[PDB]
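S.K.: First the structure, then my questions, so here it is.
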Amino acid sequence: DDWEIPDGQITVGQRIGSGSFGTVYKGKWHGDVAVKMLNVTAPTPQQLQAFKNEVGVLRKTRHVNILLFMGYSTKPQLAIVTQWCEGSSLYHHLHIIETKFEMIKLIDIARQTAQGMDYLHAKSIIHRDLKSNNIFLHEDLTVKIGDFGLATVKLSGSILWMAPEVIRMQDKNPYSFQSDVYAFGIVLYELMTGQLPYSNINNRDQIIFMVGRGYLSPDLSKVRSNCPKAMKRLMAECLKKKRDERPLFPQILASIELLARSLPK
Ligand SMILES: COc1[nH]nc2ncc(NC(=O)c3c(F)ccc(NC(=O)c4cccc(C(C)(C)C#N)c4)c3F)cc12
């Protein structure tokens with residue numbers, strides 16, 4: 001098939017924020033959309049390989065909890081268009097406006113997110129950057145996973161969600177399904193404590209270092225009083241410092257659809 005969206009069809013609008021490659025604008029193309037572009041006119045053959053990669057990946061995804069890729073554009077500048085999500089990122093809800101979710105909606109946001117990663121994984125896609133910033137609550141329900149980049153709030157990197165092996169840079173390709181599972185674990189941790197990990201440490205390098213040596217890990221004793229003992233039990237199985245001791249998502253997903261089935265009281 002062809003998803004090439006011809007020249008002049010897209011109508012760029014308000015500037016939303018900086019995207020992986022160029023900048024993300026909220027535009028129009030048969031309804032509101034997001035357009036991520038390249039600001040410079042020069043296609044670095046090392047950048048185009050990336051655009052031609054991102055488009056290559058979104059194209060494989062088609063599911064309620066992954067952001068909807070709707071089409072790409074090569075004509076002036078290179079762009080990738082996704083549906084426009086009305087709402088905020090989970091990171092925004094949790095840590096900025098400090099929204100207070102009830103345990104049910106929480107478990108659910110958790111369950112959708114898991115539901116989502118599962119799909120990406122079944123399609124043999126590693127996300128490599130799952131985190132509350134990249135989890136979008138479209139219309140306040142319906143988790144939408146994507147890699148929004150620097151659009152959405154807040155050489156560097158996002159340290160908190162990296163599993164140790166990653167934070168080390170062991171064998172040049174540290175990333176795995178279990179990589180994601182950890183990132184998911186920290187997300188669980190966020191949902192269950194409304195906080196980010198290691199808030200009492202104000203030194204990035206030390207966080208990187210210790211989380212790497214396995215001297216530091218999330219303080220699980222901060223889980224909200226009413227959290228189900230199985231959510232907490234799962235949280236840890238996901239944040240295991242040993243790559244191979246972590247659960248993959250088909251199990252994670254089920255462990256959730258189980259604990260979510262028994263707690264309306
Ligand atoms: C403030 O920013 C915003 N508010 N509302 C918005 N609505 C949409 C957008 N939209 C985006 O930020 C956006 C966009 F406009 C175009 C492409 C991608 N790319 C991806 O989502 C992506 C890239 C690589 C891999 C993957 C996944 C994880 C699926 C894989 N594999 C996804 C985007 F995230 C921004 C918005």
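Chain labels A, B, ... are given in the sequence in which chains occur in the structure tokens; within each chain residues are numbered consecutively from 1, and ligands are likewise numbered from 1 in the order shown.
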Just want the residues within 7 Å of ligand 1, written as a PyMOL selection string, counting only C-alpha atoms and all ligand atoms.

M.R.: chain A and resi 16-17+19+24+33-36+54+57-58+61+66-67+69+80-88+120+125-127+145-149+151-152

S.K.: Considering only C-alpha atoms, return as a list in words whatever protein or nucleic-acid residues lie within 12 Å of residue 121 in chain A, sequence-local ones (same chain, fewer than 3 positions apart) excluded.

M.R.: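 In the requested format, the answer is residues 60, 61, 66, 114, 115, 116, 117, 118, 124, 125, 126, 127, 128, 176, 177, 178, 179, 180, 181, 248, 249 and 250 of chain A.
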
S.K.: To one decimal place in Å, what is the distance between CA of residue 155 in chain A and CA of residue 194 in chain A?

M.R.: 28.0 Å

S.K.: Can you work out the spacing between CA of residue 22 in chain A and CA of residue 47 in chain A in Å, to one decimal?

M.R.: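 Distance reported for this atom pair: 10.4 Å.
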
S.K.: Distance CA of residue 259 in chain A-CA of residue 97 in chain A, one decimal place?

M.R.: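 Computing the Euclidean distance for CA of residue 259 in chain A and CA of residue 97 in chain A yields 28.0 Å.
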
S.K.: Neighbouring residues of residue 246 in chain A were defined as those with any atom within 9 Å, considering only C-alpha atoms; residues of the same chain fewer than 2 positions away were excluded. Please report them as JSON, numbers by chain.

M.R.: {"A": [178, 179, 181, 182, 236, 237, 238, 239, 240, 241, 242, 243, 244, 248]}

S.K.: With a distance cut-off of 7 Å and only C-alpha atoms, select the neighbouring residues of residue 131 in chain A, excluding the residue or stretch itself and same-chain residues fewer than 5 positions from it, and output the selection as a ChimeraX atom specification.

M.R.: /A:161,183,187

S.K.: Selected residues, N, CA and C atoms, written as a PDB file, in the first residue's frame, please.

M.R.:
ATOM      1  N   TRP A 161      13.497   5.349  33.675  1.00  0.00           N
ATOM      2  CA  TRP A 161      12.869   4.122  33.192  1.00  0.00           C
ATOM      3  C   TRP A 161      13.827   3.060  32.634  1.00  0.00           C
ATOM      4  N   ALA A 183      11.003  -0.657  32.143  1.00  0.00           N
ATOM      5  CA  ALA A 183      10.417   0.657  31.911  1.00  0.00           C
ATOM      6  C   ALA A 183       8.955   0.633  32.344  1.00  0.00           C
ATOM      7  N   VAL A 187       6.800   2.622  35.284  1.00  0.00           N
ATOM      8  CA  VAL A 187       5.494   3.213  35.043  1.00  0.00           C
ATOM      9  C   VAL A 187       4.510   2.720  36.089  1.00  0.00           C
TER      10      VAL A 187
END

S.K.: Distance table requested - range 165-202 of chain A against range 225-231 of chain A, cut-off 12 Å, only C-alpha atoms: one row per qualifying residue with the closest atom pair and its distance in Å to one decimal, ordered by chain and rising residue number, as a tab-separated table.

M.R.:
residue	atom	partner	partner_atom	distance
A:185	CA	A:231	CA	10.3
A:188	CA	A:231	CA	8.3
A:189	CA	A:231	CA	9.5
A:191	CA	A:227	CA	10.0
A:192	CA	A:227	CA	6.8
A:193	CA	A:227	CA	9.1
A:194	CA	A:227	CA	11.7
